[PDB]
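1. sequence unavailable; structure follows:
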Ligand code: HEC
């Protein structure tokens, strides 16, 4: 409880930390790695296996708000759809593991996995800054 809002923030923030390389390549940096993404890849699953848990009513809004977080309170309602959303996300990576191979594919594997990325965002992520 003491440190949860962060534990989650870092967990979700890690998504980008791991995608770092996946990004550079995506943008057009470094002659790709694959092995570097491999990890950052399986990282999407794991992170998507400990995310649907650190979402108490102490870090939502209307009191538990910390004027920083960015997670609509509809995540407690759509808890179901919320999971099923981050559920496939872990399946997308599972497949990306074998799928992934090059860069041209990264964008291909980044189609589904990237779905729960922006989907889980626009669905549960009202970015305001
Ligand atoms: C649900 C199916 C998710 C997947 C898969 C990913 N994200 Fe996410 N993200 C989700 C939520 C509910 C939220 C809000 C609460 C929380 O702190 O997680 C977020 C937030 C972000 C942030 C905000 C961080 C900040 O810099 O202020 C970022 C940068 C982020 N999301 C990025 C992102 C990326 C790039 C993902 C895949 C590579 C990704 N997330 C997966 C829900 C879900």
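-> Cool, the structure landed. Residues are numbered from 1 along each chain as shown.
2. surely residue 14 touches residue 40?
-> No - shown here, residue 14 and residue 40 do not form a contact pair, counting by C-beta atoms under 8 Å, at 9.2 Å. All C-beta atoms are positioned from the backbone trio N, CA, C, and that covers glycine.
3. higher neighbour count, these two?
-> The residue with more neighbours, out of residue 14 and residue 40, is residue 40; 20 against 16, by other C-beta atoms under 10 Å.
4. how about the helices in this structure?
-> With DSSP state H, the ranges of helices along the chain come out as 5-27, 35-46, 74-77, 79-99, 103-109, 115-123.
5. stretch 57-66: how far from the chain's middle?
-> 21 Å (C-alpha atoms, centre = their mean, to the nearest Å).
6. before we move on, what about stretch 78-88?
-> Distance of stretch 78-88 from its chain centroid, counting by C-alpha atoms, centre = their mean, is 12 Å.
7. what about the residue lying closest to residue 101 once chain neighbours are set aside, distance to residue 120?
-> With C-beta to C-beta, 6 or more residues apart in numbering as the criterion, residue 101 has its nearest non-adjacent residue at 7.0 Å, and that residue is residue 34. When distance is defined by C-beta to C-beta, to the nearest Å, residue 34 is 25 Å away from residue 120.
8. which one of the two is surrounded by more residues?
-> residue 120 (19 against 15).
9. was I right to think the more buried one contacts residue 88?
-> No - between residue 120 and residue 88 there is no contact under C-beta under 8 Å: 10.2 Å.
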